[PDB]
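To keep things clear, I will list the structure first and then write my remarks on it.
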């Protein structure tokens with residue numbers, strides 16, 4: 017399977033993005 | 017495929033990552 021994992025963290029925030037097909 | 021994109025930053029160094037299998 018194909019998936020995608022993203023993780024953003026700056027200042028004091030954390031935006032963990034994701035996705036799958 | 018496996019995509020990966022993150023953007024973590026601390027102190028004064030931004031660790032960015034980008035790549036897809």
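Residue numbers (our numbering), protein chains in the order written: chain C, 17 to 37; chain H, 17 to 37. Cβ atoms here follow ideal geometry from the backbone N, Cα and C, with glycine treated the same way.
Give the interface partners of residue i over in chain C, defined as CB-CB distance under 8 Å, in chain order.
i: residue 24/H; result: 23, 24, 25, 26
Any C-beta of chain H sitting closer than 8 Å to the C-beta of residue i?
i: residue 29/C; result: no
When the cut-off is 8 Å and only beta carbons count, does residue i lie next to chain C?
i: residue 17/H; result: yes
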